[PDB]
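Only one structure is covered here, and it is reproduced in the block below.
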Amino acid sequence: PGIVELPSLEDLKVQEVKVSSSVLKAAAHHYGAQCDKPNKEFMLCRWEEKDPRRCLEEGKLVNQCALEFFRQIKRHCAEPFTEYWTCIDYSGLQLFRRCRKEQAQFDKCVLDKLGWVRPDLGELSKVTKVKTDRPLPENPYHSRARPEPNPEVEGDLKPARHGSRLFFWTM
Amino acid sequence: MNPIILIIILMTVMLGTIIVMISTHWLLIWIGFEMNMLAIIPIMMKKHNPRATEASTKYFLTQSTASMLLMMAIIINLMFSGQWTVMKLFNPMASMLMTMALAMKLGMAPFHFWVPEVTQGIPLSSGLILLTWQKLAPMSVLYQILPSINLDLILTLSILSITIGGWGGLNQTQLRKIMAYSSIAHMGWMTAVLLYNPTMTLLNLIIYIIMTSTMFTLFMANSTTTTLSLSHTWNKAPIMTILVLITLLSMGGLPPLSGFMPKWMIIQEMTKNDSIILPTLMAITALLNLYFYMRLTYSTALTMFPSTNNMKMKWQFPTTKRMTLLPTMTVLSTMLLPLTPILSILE
Amino acid sequence: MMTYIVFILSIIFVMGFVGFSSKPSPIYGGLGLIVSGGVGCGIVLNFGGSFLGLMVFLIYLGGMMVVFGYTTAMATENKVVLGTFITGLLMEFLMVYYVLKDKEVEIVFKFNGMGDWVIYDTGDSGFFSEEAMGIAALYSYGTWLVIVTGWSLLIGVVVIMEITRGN
Amino acid sequence: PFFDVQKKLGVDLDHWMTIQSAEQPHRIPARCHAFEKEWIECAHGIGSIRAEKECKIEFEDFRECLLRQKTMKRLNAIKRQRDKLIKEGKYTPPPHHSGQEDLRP
Amino acid sequence: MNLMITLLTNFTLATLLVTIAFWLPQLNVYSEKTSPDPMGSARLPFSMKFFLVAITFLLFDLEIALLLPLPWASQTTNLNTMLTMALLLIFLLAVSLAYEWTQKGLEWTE
Amino acid sequence: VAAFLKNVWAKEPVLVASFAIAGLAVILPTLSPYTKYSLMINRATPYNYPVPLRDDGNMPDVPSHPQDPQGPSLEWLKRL
Amino acid sequence: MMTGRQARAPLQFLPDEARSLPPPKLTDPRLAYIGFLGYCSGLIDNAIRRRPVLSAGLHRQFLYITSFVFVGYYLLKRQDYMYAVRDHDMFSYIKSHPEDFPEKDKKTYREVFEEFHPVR
Amino acid sequence: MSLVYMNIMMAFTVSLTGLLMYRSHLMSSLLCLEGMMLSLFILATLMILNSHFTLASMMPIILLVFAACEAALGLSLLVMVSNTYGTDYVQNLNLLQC
Ligand SMILES: CCCCCCCCCCCCCCCCCC(=O)OC[C@H](COP(=O)([O-])OC[C@H](O)COP(=O)([O-])OC[C@H](COC(=O)CCCCCCCCCCCCCCCCC)OC(=O)CCCCCCCCCCCCCCCCC)OC(=O)CCCCCCCCCCCCCCCCC
Ligand SMILES: CCCCCCCCCCCCCCCCCC(=O)OC[C@H](COP(=O)(O)OCCN)OC(=O)CCCCCCCCCCCCCCCCC
Ligand SMILES: CCCCCCCCCCCCCCCCCC(=O)OC[C@H](COP(=O)(O)OCCN)OC(=O)CCCCCCCCCCCCCCCCC
Ligand SMILES: C=C(C)[C@H]1Cc2c(ccc3c2O[C@H]2COc4cc(OC)c(OC)cc4[C@@H]2C3=O)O1
């Protein structure tokens, strides 16, 4: 067949969000609140193109907007966030429910210094709409032309010409 | 056996055949065969004697081995196709294993070695069920996979079944073994025309079921399981000898009887496809089963026999046995050849 | 050597069947089938079928081979056996030598000789085992399957009580 | 015979477990969902005789997704040439294929 | 991986203790015994009822095997169908028990 | 209707409790008002990603953000 | 053979287009033979239970003849329908493929040379 | 293809040849039959888990349940033979040769 095209290693260099999973899980509700638009443009491009090579730049925007999400935490509320993700980080299942007062301190300092409202129960699971400028893929599966169907039956049904025509049976 | 439980078990036999007939998923095909086997095992053990336990154990082992080979065929189909539709198979190894497994369920040669034994060990009504109703489901699966059936395998199994069913019944005095070798020969006749025209396969299946049902119903009506007890029928009921006469002449394929209808059409559908030698030697072998039928009705049905004095007691009592559908089945098993183009309703 | 562990279990699985299909007795045949069920269960567990592996342990070994050993106890109180055993073992080890010296073999199908760690998937499934939710789908999507299986088991109870009576 | 009771009565007895492209619990795709979808949409309605010859490329792509014989054959060729150049000494593994580079994300 | 370590450790400790138990008093040279049971040498008669309770276990264990994915099946979105099929399966287990009851299959080990 | 019931409650109270609990388990989800909320909670549980829609221009009922007032809500679950 | 035809509307004994075909008359010789099979069935039914064959159960022989004619009428309708479908598919296939059925040129016997084989 | 599939099929064929031509205890034949079922379970499980085809995960349980019910049925036949001859030797099952 053909050669599969791959992007170069410079096309894959972006500054990584090099924080732990409890750090990501601690700020995840405010992350889904504040980093909505580039994340949803990326996941729309990712379910529509069905190809990650066509989804690099939007992904870079994700990694552009996540870092600016954490810098904006690090400039303002580094200590209550640190006290919060440490308590998230203790738990083996990483329970939100074991960590409600540290969550309250982090949410208080974030609403005071950044004005961010934490999403409620049922908001980040909504199907939202995304206004992009990229065109709709007319053939995301790269499917070739389908075979033409067999001709259907038409014409009025006539009797059998002289019956069964089986050796001597005249009907 | 409790008649309610008997009704439930017969409905489960019918339900398993229906699940094999209607289902689109191979697992449900396998489930229908499992249900059919599990339900038919008490019908064979109705009288509770050691011959029925031997017959049911042999039937269990053959149908269980066939069911495991069927599931292995389905599983190789899943390897090489990633799906489960009951349609053509996507590997010749699955094709061979499923043809072998259905040949074991039908009793075709070289897996014929249970059909004369099991039919001998079980009563006449359960042998009727075995030789008629238990043929419907594997012929349905063979009807749906015929784009994948290897021609050389199905013709080897078919002509081997026809030769072994021909040369196995020459030696037989037991009526149930005569019907069982006749079963093996007729399944060869059904499966040899399968890849050419499956409508004639269905025609042979229905005419065979009618003639076999007629023969077992006459056997239950006379309570005769051997040739010699069949010879003692004319002094009790003379019409029953006439009916076993005309129905055994029909099962071998005499014109102008109805059992000449399928196989003639089968020859008629094998010379279209430029096969001349194969239906020729196939009907040469059918002449041998017709020939021992003509010995088994000339020597031992027509010319009247020495009787016993206790038969003169049995003159004073009529048959109270429910001969269900017996005149209809006897007319249909003999006098249906002028309606030979009825076969188009099976298309 | 640890990368081929599924393969290694499969070899034991083959060996286990030649362990009991040689058939010294139904006692030791049952013992070989129980060891074979354990190692094939290890094969199943190493692909992520944890519920199906515990169905091998709970239902096949813990449910059914118990009844085989029970009936072997109550109802059933060399050269051919050992010869068939060593014959099948020589066949299987020559197959292992072929597929390890060639990394390709054809008995019936064409088979690769590398380990089956390559043929997996690189994704995740979130907060569920896909195999667990597919078995949970028996009650939501598998209605007709539940109907025919429950009717077969009810008929199975009725059929066992019929043929074990002898009357 | 295939008495199609399921289509005549309009009931879904066992069409759901039939293919991998059907509706799965929690929208789980199979690994060869796209290939099986392409082959099913190719072979639909044209009959099996025309499907065996006119949808060969989709079916080969789908069977090779299922079994990965070509992919394992190519990996065998690359790993075997790599083992030959390691035994001869004309090649050395890089630090990102020896495990000395502290992976990306 | 750690599971196989644990299983192997338990099998190793059991085999160690069983071998020490079978072979620490075999160091002793106690005495050689000739020693020349309720039944003497009669063959074990088959008990039909024991086989019937074993098969009844096997069939109800299969019905249990069908019942086993119910805590996961309670998480479905088709709860009416799921609840119906769950009640149907436990009812069919109860019907198999009722047929085992009324046909005197549960007698003398009731 | 009460003589046979008192008779079976005096002879077989195990089976009376069995058939009564079984009858309640059959008929009571058709009478409970909370059976709707079981369905509602099991469809409100987001196992998958809420895959976004391309804004065609006219989808007023679809939000543009999780915190927008339109869309499905779970206040019925936060209150209960 | 024709199993892809009656797979779009399965399990129809008589489809709707079968009503465009002429139904058999009640004096159809096929249907009269089926009624004679019913009369033979009534005679065999009186023969196997030792009744007077031509005399007993005239209502029963009447229901035998009636029931066989009743079943055979619809069987003959389906028969005629399936041969009509066979010819319809044949003719529409010949019309949709003119290249496969060429109008071969009709030569009269004045151009056709046949070898004479004398009987002597 | 996959290499573990060859071993599972070879196990199936070993137990299939163990079922077919030995003429031994009947229980040994039932053991070979359930070894065939075991290898079918393992092979169906590895395929369905390999392809991530979720709806067929309930398929091997079905393959277990029916066949184990089948196994129960076979044991009862054996017990009837064990109530007739005192042994499960299949050469006692030769009444129906004539
Ligand atoms: C305005 C509206 C109302 C108008 C009303 C007008 C009518 C008023 C009168 C009502 C009654 C109508 C009767 C039916 C129509 C005429 C049927 C007819 O003559 O067909 C000629 C038919 C062919 O002649 P054709 O010159 O081409 O057609 C003249 C007409 O246009 C015939 O029409 P076609 O050209 O369309 O013929 C169609 C085709 C013409 O046939 C063919 O193209 C050739 C295929 C025929 C079948 C060959 C099978 C050979 C192997 C089996 C042999 C079995 C053994 C022989 C019989 C043994 C005893 C059963 O038929 C078939 O293929 C069907 C099969 C044959 C059925 C014949 C009718 C039977 C009814 C009575 C049954 C009693 C037994 C009869 C003989 C059974 C054997 C056939 O003759 C035969 O096939 C030979 C058999 C004799 C004919 C049956 C005569 C019916 C009346 C019999 C009364 C005596 C009964 C004595 C007691 C029972 C016997 C022991
Ligand atoms: C494309 C395929 C689609 C499907 C097509 C239809 C296929 C039909 C296949 C028919 C198979 C019938 C098998 C036998 C009937 C089933 C039930 C049964 O066994 O009834 C017999 C019954 C047993 O009663 P019991 O008390 O046990 O008898 C012992 C004697 N003391 O009672 C007796 O023993 C009484 C004695 C007479 C019994 C005669 C039964 C005849 C049944 C067959 C009729 C003809 C076939 C139908 C028409 C053709 C269809 C192809
Ligand atoms: C519809 C609801 C759901 C029903 C299905 C689910 C049931 C769950 C429980 C499963 C039980 C399985 C086995 C049941 C067998 C029942 C038959 C039975 O046991 O009859 C025999 C018994 C007499 O006992 P015996 O035969 O001697 O046995 C030895 C003990 N002495 O005779 C009896 O014990 C008489 C039994 C009948 C009377 C019981 C009445 C109970 C009423 C409770 C309140 C109403 C509940 C609503 C449902 C109606 C139930 C009848
Ligand atoms: C014993 C069995 C199985 C058969 C063979 C047999 C009979 C009964 C009668 C006869 C018969 O052998 C035949 C041999 O050759 C012909 C050829 C004939 O015509 C070609 C012919 O016409 C009536 C008659 C005959 C013999 C004849 O009467 O039953």
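Quick note, the sequences are listed as chains Y, N, J, l, A, m, o and K, same order.
Reminder that position 62 of the first sequence reads as 62 in the entry's author numbering, one-by-one numbering, no gaps.
Reminder that position 288 of the second sequence reads as 288 in the entry's author numbering, one-by-one numbering, no gaps.
Sequence positions in the third sequence follow the entry's author numbering and run 1 to 77, 86 to 175.
Reminder that position 97 of the fourth sequence reads as 97 in the entry's author numbering, one-by-one numbering, no gaps.
Sequence positions in the fifth sequence follow the entry's author numbering and run 1 to 36, 42 to 115.
Add 3 to a position in the sixth sequence, counting from 1, and you land on the number used in the entry's author numbering.
Reminder that position 98 of the seventh sequence reads as 98 in the entry's author numbering, one-by-one numbering, no gaps.
Reminder that position 95 of the eighth sequence reads as 95 in the entry's author numbering, one-by-one numbering, no gaps.
Just so you know, even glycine gets a beta-carbon here, dropped at the ideal spot from N, CA and C.
Going by DSSP, J/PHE47 is part of no alpha helix (DSSP H) at all; its letter is neither H nor E. Counting C-beta pairs with one atom in each stretch, the stretch 52-70 of chain l and the stretch 153-169 of chain Y have fewer than three that are closer than 8 angstroms, which means they do not touch. Identification of chain l residues near J/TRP159 by a Cβ-Cβ cut-off of 9 angstroms yields none; the smallest Cβ-Cβ distance measures about 14 angstroms.
N/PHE111 carries a coil assignment under DSSP once its states are collapsed to helix, strand and coil. Shown here, l/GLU38 sits in a helix according to DSSP, grouped into three states. Y/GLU5 carries a coil assignment under DSSP once its states are collapsed to helix, strand and coil. Bounds of the alpha helix (DSSP H) holding l/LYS8 are 5-8. Taking C-alpha positions only, N/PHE111 is separated from N/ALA103 by approximately 7 angstroms. Look at the stretch 38-113 of chain Y and you find no whole run of beta strand (DSSP E) that is 3 residues long or longer. Taking 8 angstroms as the upper bound for CB-CB distance, N/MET329 and N/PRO262 are not in contact here, some 16 angstroms apart. For N/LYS105, the distance from the CB to the nearest heavy atom of ligand 2 is not below 7 angstroms. Within the stretch 18-31 of chain l, the residues whose Cβ lies closer than 7 angstroms to any Cβ of chain J are, in chain order, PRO25, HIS26, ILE28 and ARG31. Counting C-beta atoms within 10 angstroms of its own C-beta, m/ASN61 has fewer than 16 neighbours from the protein chains shown and is therefore classed as exposed. About 5 angstroms separates the Cβ atoms of J/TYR106 and J/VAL113, confirming a contact at the 8 angstroms cut-off. Take N/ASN150, set aside five residues on each side of it, and the residues of its chain with a beta-carbon closer than 8 angstroms to its own are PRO92, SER95, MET96 and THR99, in chain order. According to DSSP, residue pairing for m/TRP12 in a beta bridge does not occur. Here the alpha carbons of m/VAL11 and A/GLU105 stand approximately 20 angstroms from one another. Of the candidates K/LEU93, K/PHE12 and K/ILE48, the residue whose Cα lies closest to the Cα of N/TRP84 is K/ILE48. Within the DSSP bridge table, the entry for N/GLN174 names N/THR226 as partners. Taking non-hydrogen atoms of ligand 1 into account, the C-beta of N/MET100 is found less than 7 angstroms away from none of them. Under DSSP, J/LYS118 shares a beta bridge with J/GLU114.
By the criterion of a C-beta distance shorter than 6 angstroms, A/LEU71 is surrounded in its chain by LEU94, once the five residues flanking it on both sides are discounted. Non-local beta-carbon contacts of K/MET37 in its own chain, meaning distances under 6 angstroms to residues more than five positions away in sequence, involve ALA67 in chain order. Where A/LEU97 is concerned, the enclosing alpha helix (DSSP H) starts and stops at 84-107.
Between the C-alpha atoms of Y/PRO140 and Y/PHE81 there is a straight-line separation of about 42 angstroms. Within the DSSP bridge table, the entry for Y/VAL130 names m/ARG57 as partners. Distances from the CB of A/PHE96 to the heavy atoms of ligand 3 include at least one below 7 angstroms.
Within the stretch 36-67 of chain l, the residues whose Cβ lies closer than 9 angstroms to any Cβ of chain N are, in chain order, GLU36, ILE40, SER48, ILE49, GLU52, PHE59, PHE62, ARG63, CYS65, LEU66 and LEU67. Taking a 10 Å sphere around the C-beta of J/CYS41, we find 16 or more other C-beta atoms and assign the residue as buried. Under the three-pair Cβ rule at 8 angstroms, the stretch 52-59 of chain m counts as touching the stretch 118-129 of chain Y. Taking 8 angstroms as the cut-off, the Cβ atoms of l/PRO25 and J/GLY142 count as close. A distance of 8 angstroms or more separates the beta carbons of J/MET169 and A/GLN26. Against chain Y, a Cβ distance below 9 angstroms from l/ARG104 picks out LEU12 and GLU16. Along the stretch 50-93 of chain N, the alpha helix (DSSP H) occurs as fully enclosed runs of 4 or more residues at 50-81, listed in sequence order. Residue l/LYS7 holds the alpha-carbon nearest to the alpha-carbon of o/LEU11 among l/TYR91, l/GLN81 and l/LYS7. Per DSSP, N/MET304 lies in no alpha helix (DSSP H) segment and is marked neither H nor E.
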